[PDB]
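Q: Dropping the structure in here first, questions after.
For neighbour counting, all protein chains shown are included, and Cβ atoms are generated from backbone atoms with ideal geometry for every residue, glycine included. Please treat every number below as a calculation from the coordinates, not as lab data.
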């Protein structure tokens with residue numbers, strides 16, 4: 001049955017965040033997209049917590065917590081979905097949430113409605129959103145003294161995402177919707193994804 005095949009492939013590709021260890025780090029395969037995530041930049045972030053004074057809310061703040069590079073990738077995927085989002089966006093939003101607020105490799109479709117939504121079209125729309133987003137990110141300039149764009153922000157009721165281009169990769173942060181971390185020393189989660197990962 002055509003619907004059956006279609007939904008079989010969409011379910012498989014959207015509900016399984018596939019991670020495979022490699023020599024340099026990790027291969028991630030999700031939604032038919034492939035990423036090489038390496039462990040570079042990892043140690044540097046621990047060590048920091050000039051740049052240190054630029055992002056005091058991350059480095060000079062006992063409420064900031066460094067995450068894994070895979071977490072950073074997942075934040076980038078969710079952001080990619082949400083950025084155009086701002087049809088059934090219910091399913092999209094669920095997916096983005098799963099990606100960003102959890103570390104599980106499988107997406108439990110709770111409702112049957114959600115399951116019904118999983119289709120070639122949904123796969124297609126998600127892939128296109130994420131690719132568009134990645135292209136946008138690649139247009140960011142490194143942090144600079146002229147007025148050239150270096151950050152994008154994706155704000156939602158539940159959380160605020162901020163992604164910044166620096167000489168060491170994309171700095172990926174999630175703060176509370178209000179931006180309590182920016183006083184004040186509100187909580188914030190963050191990491192670094194090397195440039196190579198998005199190419």
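Q: Once the Cα gyration tensor of the chain is diagonalised, what are the square roots of 5 times its eigenvalues, in whole Å and ordered largest first, as equivalent ellipsoid semi-axes?
A: Whole-Å semi-axes of the equivalent ellipsoid: 31, 18, 16.
Q: So if I restrict to the alpha-carbon atoms in the range 49-141, what is the Rg, and what is Dmax, the biggest pairwise distance, in Å?
A: 16.1, 52
Q: Also: Could you please rank 159, 145, placing first whichever residue has the fewest other Cβ atoms within 10 Å of its Cβ?
A: Final ranking by Cβ density, sparse to dense: 145, 159.
Q: For the range 117-178, what D do you get in µm² per second when you plug the Kirkwood radius from alpha-carbon pairs into Stokes-Einstein at 25 °C and 0.890 mPa s?
A: 184 µm²/s
Q: Now for a different question. Could you tell me what percent of the DSSP beta bridges with both partners in the chain are antiparallel, to the nearest 5?
A: If we restrict to bridges inside the chain, about 90 percent are antiparallel.
Q: Now for a different question. Give, to the nearest whole percent, the P(r) tail of the range 1-109 beyond 18 angstrom, counting all Cα pairs.
A: 60 percent
Q: Okay, next question. Along the Cα-to-C-beta direction of residue 195, a point sits 7 Å from the Cα; which residues of the range 143-176 have their amide N less than 18 Å from that point?
A: Taking a point 7 Å out along Cα→Cβ of residue 195, the residues of the range 143-176 whose backbone N falls under 18 Å are 143-146, 148-152, 163-172.
Q: Then there's this: Any idea how far apart residue 115 and residue 50 come out in nm if each label point goes 7 Å out from Cα toward Cβ?
A: Computed distance between label sites residue 115 and residue 50 equals 5.6 nm.
Q: Only counting other Cβ atoms within 10 Å, I'd like 102, 156 sorted with the fewest neighbours first.
A: Ordered from fewest to most neighbouring Cβ atoms within 10 Å, 102, 156 come out as 102, 156.
Q: Same structure again: Only helical DSSP H runs with n ≥ 4 go in: add -39500 (n - 2.57) per run for the chain, normalise by residue count and round the 222 nm mean residue ellipticity to 500 deg cm²/dmol.
A: The helix-only estimate for the chain comes to -12500 deg cm²/dmol at 222 nm.
Q: Can I ask one more? How many angstrom lie between the C-alpha centres of the range 1-22 and the range 68-87?
A: 19 Å
Q: Could I ask something else about it? How many nm separate the modelled label positions at residue 85 and residue 16, each set 7 Å beyond the Cα in the direction of the Cβ?
A: According to this spin-label approximation, the distance is 2.4 nm.
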